[PDB]
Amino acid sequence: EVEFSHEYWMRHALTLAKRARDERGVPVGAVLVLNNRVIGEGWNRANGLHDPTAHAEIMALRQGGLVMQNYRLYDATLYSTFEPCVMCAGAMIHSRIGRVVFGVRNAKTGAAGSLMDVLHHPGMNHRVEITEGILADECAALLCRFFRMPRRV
């Protein structure tokens, strides 16, 4: 897509979601971007990592803190193929990231407007901007484990 755009980074998250094919649930892929540069990548690997927190968004935030040598990732934007859960939404507030961009909503456990809104809770110390709908048609297909293979040349 157009370079350094929301749809551009969403395609990177869609590719990473394929690594979560052998996980119980919707495959989620996440990428953490700061100043048009990748500082963190992640996919769902709870069973593969024996970590109850090994979500796509969390692995991207965990890798970003190692790259930035700081648990605070100011002005960073996190691209996820799925609406964050209550655990992932809480991690973005503590990371103080600038924005989360997810494609399709999680009408079962999503914490960005569906089941609740943890990112926009009035009692929070940080506000993370929310942008939804980026590559929504392809991200919605991830709910049924569908991936795209378009025509080449």
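In this text, residue numbers run from 1 along the sequence as written.
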query	finding
Higher-scoring stretch by recorded Cα B factor average, 23-31 or 53-61	23-31
39-47 set against 99-107, stretch whose average Cα temperature factor tops the other in the entry	99-107
Assigned third (lowest, middle, highest) for the C-alpha B factor of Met10	lowest
Entry-reported Cα temperature factor of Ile93, expressed as the chain third it lands in	middle
For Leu135, the third of its chain into which the C-alpha B factor falls	lowest
B-factor third for the C-alpha atom of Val118 within its chain	middle
For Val128, the third of its chain into which the C-alpha B factor falls	highest
